[PDB]
Amino acid sequence: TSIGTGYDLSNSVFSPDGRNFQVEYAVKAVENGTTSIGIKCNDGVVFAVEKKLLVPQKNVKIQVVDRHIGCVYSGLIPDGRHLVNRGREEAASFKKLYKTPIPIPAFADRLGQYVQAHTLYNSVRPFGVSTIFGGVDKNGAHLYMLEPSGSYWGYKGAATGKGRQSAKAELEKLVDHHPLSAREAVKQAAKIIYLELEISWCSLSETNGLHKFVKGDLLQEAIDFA
Amino acid sequence: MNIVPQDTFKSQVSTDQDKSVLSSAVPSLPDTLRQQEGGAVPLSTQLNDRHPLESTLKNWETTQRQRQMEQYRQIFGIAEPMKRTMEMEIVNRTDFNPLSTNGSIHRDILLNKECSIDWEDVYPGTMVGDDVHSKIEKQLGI
Amino acid sequence: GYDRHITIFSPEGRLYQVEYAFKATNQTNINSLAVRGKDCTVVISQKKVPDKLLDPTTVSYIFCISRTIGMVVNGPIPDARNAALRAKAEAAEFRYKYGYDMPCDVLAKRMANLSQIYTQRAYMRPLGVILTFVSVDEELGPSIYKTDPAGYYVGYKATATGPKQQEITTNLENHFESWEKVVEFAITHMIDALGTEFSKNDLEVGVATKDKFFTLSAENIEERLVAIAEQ
Amino acid sequence: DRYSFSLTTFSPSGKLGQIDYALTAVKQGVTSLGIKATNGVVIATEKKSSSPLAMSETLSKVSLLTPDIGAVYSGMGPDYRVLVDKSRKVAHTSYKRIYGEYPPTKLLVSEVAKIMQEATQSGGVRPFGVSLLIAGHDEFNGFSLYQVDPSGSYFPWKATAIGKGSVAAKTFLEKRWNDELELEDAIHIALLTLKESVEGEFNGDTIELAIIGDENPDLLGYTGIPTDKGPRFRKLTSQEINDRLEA
Amino acid sequence: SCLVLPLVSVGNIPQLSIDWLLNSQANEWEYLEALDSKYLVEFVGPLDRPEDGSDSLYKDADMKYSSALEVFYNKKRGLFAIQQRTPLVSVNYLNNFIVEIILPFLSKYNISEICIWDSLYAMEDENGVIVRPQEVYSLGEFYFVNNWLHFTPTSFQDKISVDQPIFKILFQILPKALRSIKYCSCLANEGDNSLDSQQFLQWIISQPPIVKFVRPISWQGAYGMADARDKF
Amino acid sequence: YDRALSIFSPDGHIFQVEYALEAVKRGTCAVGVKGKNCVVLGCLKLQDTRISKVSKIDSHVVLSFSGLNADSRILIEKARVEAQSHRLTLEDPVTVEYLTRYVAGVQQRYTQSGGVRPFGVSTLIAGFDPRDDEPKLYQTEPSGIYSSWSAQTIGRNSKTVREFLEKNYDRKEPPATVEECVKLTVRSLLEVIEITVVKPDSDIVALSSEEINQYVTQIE
Amino acid sequence: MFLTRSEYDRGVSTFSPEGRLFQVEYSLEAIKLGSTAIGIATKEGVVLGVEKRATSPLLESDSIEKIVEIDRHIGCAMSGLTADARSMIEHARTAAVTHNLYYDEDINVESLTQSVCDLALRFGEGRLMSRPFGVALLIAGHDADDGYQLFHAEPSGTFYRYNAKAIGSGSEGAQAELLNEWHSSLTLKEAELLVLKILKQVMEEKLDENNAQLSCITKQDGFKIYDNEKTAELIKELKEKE
Amino acid sequence: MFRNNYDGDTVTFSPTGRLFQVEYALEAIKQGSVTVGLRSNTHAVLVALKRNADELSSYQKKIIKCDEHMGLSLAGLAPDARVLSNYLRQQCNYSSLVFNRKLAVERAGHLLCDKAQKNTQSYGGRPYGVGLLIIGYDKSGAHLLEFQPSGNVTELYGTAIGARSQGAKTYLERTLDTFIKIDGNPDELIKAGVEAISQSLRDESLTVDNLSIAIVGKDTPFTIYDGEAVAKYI
Amino acid sequence: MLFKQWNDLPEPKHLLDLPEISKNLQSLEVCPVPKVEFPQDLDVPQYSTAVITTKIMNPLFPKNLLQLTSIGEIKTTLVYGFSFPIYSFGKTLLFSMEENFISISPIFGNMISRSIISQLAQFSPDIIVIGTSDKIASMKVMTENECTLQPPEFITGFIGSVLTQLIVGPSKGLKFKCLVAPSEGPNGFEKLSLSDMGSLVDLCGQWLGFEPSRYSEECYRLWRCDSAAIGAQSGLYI
C-alpha cells in the first residue's frame, strides 16, 4: 500500500510498518523532477541534466556549491535552492576553519545531517529534493546522491527525475562496459541524457581539480556524439 | 568560543526596557507597586557597583552552552547545534508549571546534568503579581 | 486516536508509536552479530550491496564512536548517523567533564536516557534505530551493550540483530588467543546460521581491542575468509 | 506555540484517562513485591530477560536511592531509570545538601510522588508508566515501605505486590503476613510468594532481592569514625539467593 | 434480487467502493433510475464513465447530467447498487430518507436483501463496540449499543453502535419481499482511501471476482488537473 | 468555527466570545441604577453568613459582577491592584472610566490568545470620580466591550428585569432621591434582597437589609 | 465527484484553492456587522457621521463614542468590534504624538493611516495577534501637504484615498448613493446635509440627535464633533429640504 | 476531493508530491492585476495597469523604489507586497550604510528568494502569495528579475504577471528581438512597454490615472511617471 | 511556530457542517418537512421568462436600470418560518434565494425549489439560471443540448436543486440556459473574482437583452461600490 491513509497527514509519524509516509511522499516529489544524471570517472566526475524570455547565460541548472564540489538537484526548486545555499555555507565555514577544501564525505555528512534533521519534528517538512553532488577530493573523487530522507551513499553513477529508471539502466550498462576518461564520460553523459543539454565536470587532469562547465567546443562535440 | 562570559553589561538603558512591568497610566515609567521591589527606590540608576563576579556567575552556564554550540558548529556543522537547540526549545516551551520551582527532569538529561549538582540546585532561591495568573500572562504573553 | 500519532498510552497501556519505531529497525534487511573473546570484542554485519551502481566503499553501518568504543546500527542510515554523531559528542563531553574515557555502558545509559526522552515527549518522535555498543572496558573488559528505541538497554554476552536475529541467537546458544581467531569464529557462525557463503564484500567487521577500536578493511576480511576456507 | 494543551484530561466519568492507562501499563508489568518485617524490609522481583545471552547482572531492577532507602518498579524500565536518577539527585540537592543528612523515606517518597504527579499536569509529556515500591529506614519513622503509582499517589504498606501477579501475591501476603515476622521470615515469605508468582525458571539468577536491615560496616568502605553508619540497604548476591532457595 | 447501499462515512470508503464496483464491472452494470434527492444535498454533475474507455454506464442520448442519488442494476445478477453523491441534510432526516426512499424502492423491485456498506472512524468509538481491533473488516447480517445484528468471527465489531446503522436497521425492522440485512463495515482513517476502498471491495468480494480494478475518469481530477508551473 | 477565539464565523461572528456571554447569562443576577445623587447596586441553611456580591475597588469606585465567581474574584483583584498602582504613580484617584477601561482591557487581554480562557464574567462598575458628583455606571463584557448605562441588569433574569427598567426608568425624569433609587432597584429585583448605595466623596453604605422598602413595594 | 467538507476557511494562514485568505473576507463581514459610518470629503473640509446604534434606551448615547480624535487635524470613525477599534486608536494616537515629538510636525494623515494599516498587518508578518482586526477605520484629516483628505483603512492592511465612503451595515446602499450624489463642487454645508440624508436612508431607526452625531475637519477649527443642538438644527434643515 | 485532505498546510505533501499549499500561493498571483516589465541593454522599464476599488477611490500604488538604482513592481497580496518591499528596501539601505555600495540587483533578488523560501517549509507561517518584478541598473547594466512567491527568481528580458499576463507575455515573446536593441532611445522602449500592456486589457483602456510607468538606466535614476506624466506615452 | 498542536488532529470531512434541524438528536421519529406556499395570485403566465439566482447575483440586476418591480414573497413554514421575496421586470420573473450556510439548512432551499419548479412547469416560460459552483474551474454555459462540465466538476447548493428539478424529478424536459461562475466560500458567502464578474455580466447582459455598454457600466457600479462577491478582493489584492 502506497498511500498510508491515517499515518500520512503529519511528519515524523511512523506507520505500523515503521514507514514515514511523508518521507515517501517527498521521494515521490523527486520522481517528478527534471531527469538528471551523474557519472564518476577514473579521474573525476561529470554531471548532466535533461532540461525564451530567460537570459540564457543566466538560465543554469547545475549549481557549483564550491570550486571543490559540484551539485545538481531535482525536485522542489525552493527546497533545492535552500539546500544548495546551506551546503555552500557549510563549505565556506569548513574552508574558513580548516584552510582546506571540504572533503566530499564531510560535506555529504553535513548535508545528510541537515536534511535528516527535517525528518524529526512535525513543525517542519522533509526537503522535496534529491541531490546528486560530487567532486575531486584529497582522496580522489566522490559521487553522492542525497535522498530527501537524508539517506546518502557513494555512487559510480546516479540518476534522478522522471527518466531516472532508463538513465539508471543505461548508466549501469556503461559501468558494466568499464569495470572512463573525462572525455569519454562526457560523451556518455550526453548520450544518456539524449537517451537542451548542459554538462559540467571536475577532474584533476582536465579541470586542474576544479569544477568547470563543459561548454562551447566540447559541448558541441558531445552533442555530435549523441 | 568563550570561556569566561564576555558580553555582560547592558549597552543601553531606558525607563521602558523592563516590559511586563510598566505603568498602565503612563506607559513610559515602571509600575513600582507591581515591581514589589520596595518602591521606586530600586531605581534603575542604582544598578551600579555590581559585584565583579555576579555579572559572570549569572550567565556562566549560558556562556558554556554557547561555546559548546560553537564547537558543534565548527566540527559537526550547522545541523548539530540546530538539532540541540530545537530539542531544548521544545522541552522549555512544553514544560509549563506555575507552581513548581524544580527543573524539568528531561531538561537535566539534555543538559547532561542528571548526576551533577550546583549551588543553583542546592540553593534554588509578595502582595502583588506573584499569582498564577501573572505566570500565565508571562508565558502566553497576554 | 492521538495514541497513533504521538507517544501517549493507548487503553491497552501500550505506546504503539514506540512499537512501530521497533518495526522501523528491520526496514533494512541487514543482520549483524557481536561476540566477545577473552580480550577483544568483534561485531559482524552483513553488507548487502546488490546494486551495481552503489559504491560499497561508503556503505557502512558500523561507526567508530570513541578511541575505545564502536557501535553498529540496525535501522535507517540517516537516524543511524544522527545517533552516531550524538553518541560521539556525548563520549567527548564525558571525557572532558570526568577526566577518563567514557565506559561503554555509561554511553549506553546516556543514549538510553535520550531515547526515554524521545519516548516521553509528545512532540519528539523516537529515533527508530537499535544501537549495539562494543568496547573493551578498562574495568569490565570486553563488553557489549544494546539499546532499543524504547530506551531499554542491557549487557550481552553476544547479540544478533535484524530480521533473522533469532536464528543467529539460537546458533550462539547452541555454541553456548588473538582477535583474528574470534573474527573467524564469528564469521563461521554467521555463515552457518544464514546459509550464505560471503564474498569479501558481503561483510563488514569491527574489532575492539584493549587499545583501540578498528574496522577491518576489505583485504583483511578477504584474508579472514581465506583462513576460514582453509578449514 | 507558546502553549501545549494538556495531554492528560478528565473523561466525562471524572477519570483521568492517561492515569488509568498508566496504571494498566503497570498491571501489565512483571511482578514485584515488598514486605515489612519487624527488623527489616524485603523487596524482590523477577529478572525477566529477552534472551539468555543478556547479562542478568546488568538488569538492575532494584536500585539504591540512599544508604537507607531502595526502590523497585514494575512497568517501563526507562521511566524507572530516569525516576531513579532524579530521585537520587533530589535526595542530595533538596535534603542532604541542606540538612547534612539523608532524607527520611517518607520525604523522598513524597519527592518522587511530586515528580511523577507533574508529568500528569504537563501538556508536553505523558505520565510515567511505572509504579515504585520504595522501602527504607529512618532514625525516627523506623522501617517503612511505600507504593507510588503513576498518578503520584502513595500509601504506606505492610506488604504489597504490583504487576501481573499483584492480586494473587497480595492475597498470599495477606494470609501469610503477621506483625511478628523476623527479616529471615520475611525473606522466606517473599521467596515463596515470588516462586508462586514467577513464570518459568525460578532460580537465584532469575530473581533479585534487596533488604533494608542493620548497618553493614563492611560496606561502608572506610574505618575509624565510630558514629558513622554503614549502609542499611543491601542487595543479596545470586549465590546467597540460591543458598536461600536450597532451604 | 439484492441491493447495496453506500453510507456517507469516514473516508467515503463505501461510496468509493461502489464506484470501484460499478466501474470495474461496467459491462455488467447499467443505470436504472434516479431516486428522490429530497432529503439529500442537491447535486448535479456530468456523466461519469470508465477510465478504460469502455462503454459508459449511462446509455441515453440526452441525459447530460447525473443525480445526487442513482440506482444501477447488474443485468446478470439481479443485483442493485445505489450511488449517493451527497450526505443527508440532517442525520435526523435519516429516518425520513429510509422510510420514503428505500422502502418504496425495495418494494418497487421486490428487493429481498439490502447490503448496508459503512465505514467507522476508530476515534469515534465512544461506545466501545470495537473488539479485536486487529481486524480491519467486519460483516454483520440479519435474517427475517444494541445486539440485533449478528457479527461473524473475524469481525472487529461485537455490537452495533448508536449511529446511522442502528437507525437504518431499526427503521427497517420497525416489505415482505425483504429477507435479510447485510452490514459491511471498514475500520478506516481519513485520506486518499482509493486503495483502502479497493481493498475493502476486495474483502467484500472475498467474504464475483474482479479481473482488473479501473478508476472512474472523475477520480482523475481528484488532485486537480496539472502542475503547470515553474516549481517542481 | 466554534472551537477557537482565533476563528471568525463565515458571518463574521466569533462564537467563542458569544459562548462566554452565554456563560455570563447563567450567573446570578446583578442590578444597577443611577440616580441624580447616587448609584444603587443590588442582586443553603448551613451557610456561614458572616464569611455581598458588591466589591469595593477603591473608596470612590465599586465593582459588581455576574458570571463565574472565581473569574470575577481574579478580575476584582487585578482592578484593585490597578487602582492602587494609579493612586501611587499619579496623585489622583482613578477615574471610574479609567477603572472600567482597565477592567475591559484585562478581559480583552485574556481574549487575545487561544491558549487562555476569556473571563466568563460581566462587571457592573459604579461610583464617582474624585472631586466629582456625576454618577457613573458602566458594564463590561467578556469581549472587553464597555458601555455607560443609566440602569442595567446582567445574568439569569436580566431580560425581564431590563424590560421592566426600560419602562419604569425615565431618561429625563430619573429618580432624584436616594430612597427613590432604592425603591426602583428593589422593585426591579422583586420582578425576579441586597442593596448598596454609593454617594459622592467616597460614601458607600450597604443598606442594612432594610425590609421597609420591600414591605412598602408589596403594599403597592 | 463527491461533496466533502473543505476546511480552507478555518485558518488565517490557509489559502483557498484559488488563493484567497478567507478569514480576511470574514473580517470584512464582521465589519459589515458594524454600525454605519459615513464620510464625505470636500475642498472646504471633511465631514464624518456615524449611526449611534443603541441596544436599549437605558444606554447613554452620550458615551457611545464612535468618532474619536487621533490628532488636532485628524479624526477617525469606528465600525465593528469596538475592542479592536480601541486598540487601533490607541496605536494611532501613540504614533501621532511620537511623530510630533520627534519631528516637531503633525503627522501627515497619509502617514498616520499607513501606520494604522501597518498595525493591521501584524496578524501576519510585519506575529502579534491571533486574528485580523474586525474593524474598519475611516480616517479623515487635514495637512499642509495634501489638504482635506479621507481614508478608509481595511483590516486587510490596505488603505484607499476616498472622496466619500460608507462602512458598516447598509454600506452598499450608502456607497451607491454617495456615488450617485457626490460631486467635486459640494460645499461643506450641503455635504453635511448629504451625510445626514444618507444616514436617514440607511438607518432603520428614525434619525435623531440621540442616535446620530456629526463631525467635521476644518483647518480654522481642527477636528470637532458637533453638539446635539447643531445636529438637531441640521436634521431640521434636512427635513426642510424634504 | 482528496486534495482537501493534503492541502491544510505547507508541511504536508500529498501522495503525489504536490505541496498544494504552495500551488495556491502561486495561484494567488493570478488574482493580481497585470504589470509588464522589459529592458534594453542600457535602460529598463516597468509598466503597470493600476486599479481602484470604486469610482470614489484613488488608484493603488503598484510600483516602488528600493533606491536610486533599482525599483520594484507588485502583483498579489498587498500585505505580503508591503512586507517584501520593506524587506528589499531595508537590505538596500543596510548595504549602503555598511559598505557604501549599491546592492547588486541580482544579489537583492537572491535575498528575496531566500526570505521567501523560509515560509514554504515552516508550519506556522504561509507563503507570500505575491509576485515581484525587480528592475535596476548597476555595473553589470540593466537587469529585470521576476520573483515568484514559491521562492524562484529568474532574470528576464521581459515578462508579465497578474490575471491576464499571458497575453502580454505572448506579445513580448513575439517581439523580444526588437526591444532588446532599443539602446539610448528609452522613449521607444517605454512606448513598446505600453504597447505590450495594451494587450491583456479587458473592458478597459490605458489612462493617465490607471496607467503607471517607471524607468531607470545608465543616464537616468529610477523615476516613476504617473498621472499627467503618463499622457506622453498613452 | 516550533510545533504543531498535538490536539489538532484532522477533523473528519465526510460530515458536513450543515445546520441540524433538531437539537433533539436520536429522534427515532419521522421528522417534519418544510411546507412551502408559492404566491398563488401571481399571473406568472404573463411573463415570458424567469431568472433564477442566488442573491449573490443581485448585482447583475441593477434595479434603477431595469426598473425592477417588487412582487409578492414566497413563504415557507417548518418554527423557523423563513421567507424571501419574488421580483419581476421586463416581462421576466426573478427569484433571489437568501442562501445561508449557517442559518437556512438546505432542506429549506430544496423544498422552495420544489415549490417554484412545480409552479413553473405549467405554462412553462424560458428559464435562465445564474448561480455558483466552487468545483468548476471557470465560467460555464449549460443547457439541455450540452453539459460543458468536465467529469470532476459539478454544481451544488440551491442552484443545484433548481438544476436537479429542471433535469429529473417530478418534472422533466423544461428547457433552460444555466450560467455558473466559479466561486469559493460556503453557501451564502461565496466570493467571485473580477474576471468572473466581468465575464458573467458580459454574458448575462447578452442573454437577458440589455444595452451592453450602459448595462455593463451599471453592473460594474453595482459590483464595485460594494457587493457580497467582491469582499476584500478590492483591498486584499493589488
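Residues numbered from 1 in each chain as written, not as in the entry; some residues may be left out. Chains lettered and ligands numbered in written order. Part of a larger assembly, values for the part shown. Heavy atoms only, no water.

Where the PDB entry is consulted, chain I appears under the name Proteasome chaperone 1, with the organism given as Saccharomyces cerevisiae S288C. Quoted verbatim from the Subunit field of the UniProt record, the comment on chain I reads "Component of the 20S proteasome chaperone. Forms a heterodimer with ADD66 that binds to proteasome precursors." UniProt annotates chain I under Subcellular location with the comment "Cytoplasm". (UniProt positions renumbered as here; feature names shortened; annotations may be inferred.)

In the nomenclature of the PDB entry, chain H corresponds to Proteasome subunit alpha type-6 from the organism Saccharomyces cerevisiae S288C.

Draft legend 1. The interface of chain I and chain D, seen in detail. Every contact between the two is made by 6 residues of chain I and, on the other side, 7 residues of chain D. Between chain I and chain D, the buried area comes to about 580 Å², and carbon and sulfur atoms account for 62% of it. When residues of chain I are sorted by the area they lose upon contact with chain D, I:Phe3, I:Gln5 and I:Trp6 head the list and together hold 76% of the total. The interface formed by chain I and chain D includes 0 salt bridges. Here chain I and chain D share 3 residue pairs in polar contact between them. (Contact = heavy atoms within 4.5 Å. Buried area = accessible area lost by both parts, 1.4 Å probe. Salt bridge = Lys/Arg side-chain N within 4 Å of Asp/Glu carboxyl O. Polar contact = N/O pair within 3.5 Å; in protein donor to acceptor, adjacent residues only side chain to side chain.)

Draft legend 2. Molecular detail of the interface of chain I and chain E. Every contact between the two is made by 52 residues of chain I and, on the other side, 39 residues of chain E. By the criterion of area lost to chain E, the three top residues of chain I are I:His14, I:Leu28 and I:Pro151, representing 17% of everything that side buries. Here E:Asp36 ties to I:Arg114 by a salt bridge, and the two come within 4.0 Å at their closest N and O atoms. Scanning the region where chain I abuts chain E turns up 15 residue pairs in polar contact. For the side of chain I that touches chain E, the secondary-structure elements that each account for two or more residues are α2 (106–120), β7 (140–143) and α3 (158–167) of chain I. Here the side of chain I that touches chain E takes 6 residues from α3(I), the largest share from any one element. Residues that form the side of chain I that touches chain E fall into these classes: 30 nonpolar, 15 polar and 7 charged. (Helix = DSSP H or I, 4+ residues; strand = E, 2+ residues; numbered from the N terminus. Nonpolar A, V, L, I, M, F, W, Y, C, P; charged D, E, K, R; others polar.)

Draft legend 3. Layout of unusual backbone geometry. Residue B:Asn112 is not a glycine yet carries a positive backbone phi of 60°. With respect to the helices and strands, the residue B:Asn112 is situated in the loop between α5 (105–110) and α6 (119–122). Residue classification places B:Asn112 among the buried positions, given a relative accessible area of 7%. Backbone geometry places H:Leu19, a non-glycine residue, at a positive phi of 65°. (Buried < 20%, exposed > 50% of the residue type's maximum accessible area, 1.4 Å probe, protein only.)

Draft legend 4. Main features of empty space enclosed by the protein. All names here are of chain G. Size it by volume and the largest cavity reaches roughly 240 Å³. Of all elements in the fold, only α1 (22–33), β7 (159–162) and β8 (164–167) reach the threshold of two or more residues within the lining of the largest cavity. Residue composition of the lining of the largest cavity, by class: 11 nonpolar, 5 polar and 6 charged. (1 Å grid on protein atoms, 1.4 Å probe; cavity = no way out; pocket = protein on both sides within 12 Å on 5 of 7 lines; lining within 4 Å. Points joined across faces, edges and corners; volume = space filled by probe spheres on them.)

Draft legend 5. Expanded view of the nonpolar core. Ranked by internal contacts, the top residues of the largest apolar core, which has 131 residues, are A:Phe133, E:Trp117, G:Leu137 and G:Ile139. Apart from the residues within four sequence positions on either side, G:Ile139 is in contact with G:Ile74, G:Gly75, G:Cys76, G:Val109, G:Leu112, G:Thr113, G:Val116, G:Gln149, G:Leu150, G:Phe151 and G:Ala153. (Core = buried A, V, L, I, M, F, W, Y, C linked by side-chain atoms within 4.5 Å.)

Draft legend 6. Region of the structure containing the packing of aromatic side chains. Counted under the stated rule, the structure contains 56 aromatic pairs over all chains. For the pair A:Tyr25 and H:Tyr6, a centre-to-centre distance of 6.5 Å together with 80° between the ring planes defines the contact as edge-to-face. Of this pair, A:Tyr25 sits in helix α1 (residues 21–30) while H:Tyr6 sits in the segment before α1 (20–27), each in a different chain. Of the residues examined, A:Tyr25 reaches a relative accessible area of 0% and is grouped as buried. Taking 5.6 Å as the distance between ring centres and 15° as the angle between the ring planes, the aromatic pair formed by B:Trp119 and B:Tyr123 counts as stacked. Pair check on accessibility: B:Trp119 and B:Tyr123 agree, each one exposed. Directly above the ring of C:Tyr16 sits C:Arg4, whose terminal nitrogen or CZ lies 5.0 Å from the centroid. (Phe/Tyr/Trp six-rings, centres within 6.5 Å; stacked < 30°, edge-to-face > 60°. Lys NZ or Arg CZ within 6 Å of the ring centre and 35° of its normal.)

Draft legend 7. Quick look at the packing of helix α5 (residues 165–175) of chain C against helix α6 (residues 179–194) of chain C. All names here are of chain C. One can describe the packing of α5 onto α6 by two numbers: an axis separation of 9 Å at closest approach and a directional angle of 120°. Considering the angle they form, α5 stands oblique to α6. Crossing geometry of α5 relative to α6 is assigned as right-handed. Of the residues in α6, those touching α5 at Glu167, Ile168, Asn171 and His175 are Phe185, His189, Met190, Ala193 and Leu194. Looking at the contact of α5 with α6, its residues break down into 5 nonpolar, 3 polar and 1 charged. (Axes fitted to C-alpha atoms, helices over the stretch in contact; angles between N-to-C directions. Parallel < 35°, antiparallel > 145°, perpendicular 65-115°, else oblique. Left-handed = near helix turned anticlockwise from the far one by under 90°.)

Draft legend 8. Focus on the packing of helix α5 (residues 182–194) of chain A against helix α6 (residues 217–225) of chain A. Residues and elements named next belong to chain A. One way to put it is that α5 packs onto α6 with a least axis distance of 8 Å and a crossing angle of 55°. Judged on the interaxial angle alone, α6 and α5 are oblique. By crossing handedness, the relation of α5 to α6 is classed as right-handed. Judged by residue contacts, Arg183, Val186, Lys187, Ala190, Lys191 and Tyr194 of α5 engage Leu218, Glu221, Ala222, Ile223 and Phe225 from α6. Of the residues assigned to the contact of α5 with α6, the class counts are 7 nonpolar, no polar and 4 charged.

Draft legend 9. Expanded view of the sheet that holds strand β1 (residues 35–39) of chain H. Residue and element names in this part refer to chain H. Taken in spatial order, the 5 strands of this open sheet run β8-β1-β2-β9-β10, and their pairing is antiparallel. Across the chains shown, the open sheet's two edge strands, defined by having one partner strand only, are β8 (158–161) and β10 (220–226). Averaged over all pairs of adjacent strands, the angle between strand axes in this sheet comes to 10°, irrespective of strand direction. Sheet topology places strand β2 (residues 43–49) next to strand β9 (residues 211–217); 7 bridges connect them, and they run antiparallel. Opposite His43, over in β9, you have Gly217 as the bridge partner. This element, helix α4 (residues 165–179), spans β1 and β8 of the sheet and lies at about 170° to β8. (Pairing = 2+ DSSP bridges.)

Draft legend 10. Quick look at the pattern of salt bridges. Residues and elements named next belong to chain B. Counted according to the given criterion, the structure contains 85 salt bridges over all chains. Across the pair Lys113 and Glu61 runs a salt bridge, and its minimum N-O distance is 3.7 Å. Taken together, the residues span a long stretch of sequence, with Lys113 in the loop between α5 and α6 and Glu61 in helix α3 (residues 60–76) at a distance of 52 residues. For the salt bridge of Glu80 with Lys83, the shortest nitrogen-to-oxygen distance reads 2.7 Å. You can see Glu80 and its partner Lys83 sitting in helix α4 (residues 79–94), 3 residues apart, about one turn around the helix. The two residues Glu80 and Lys83 agree in class, both being buried.

Draft legend 11. Structural detail: the sheet that holds strand β7 (residues 152–155) of chain H. Residue and element names in this part refer to chain H. The sheet built from 5 strands is open, its strands ordered β3-β4-β5-β6-β7 with antiparallel pairing. The sheet is open, and its two borders are formed by β3 (63–65) and β7, each paired with just one other strand. In this sheet, adjacent strand axes meet at a mean angle of 20° when their direction is disregarded. Where β3 and strand β4 (residues 70–76) come together, 3 bridges link them in antiparallel fashion. Paired with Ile63 across the bridge in β4 is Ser73. Strands β4, β5 (130–138), β6 (141–148) and β7 of the sheet are contacted by helix α3 (residues 105–119), whose axis makes an angle of about 10° with β6.

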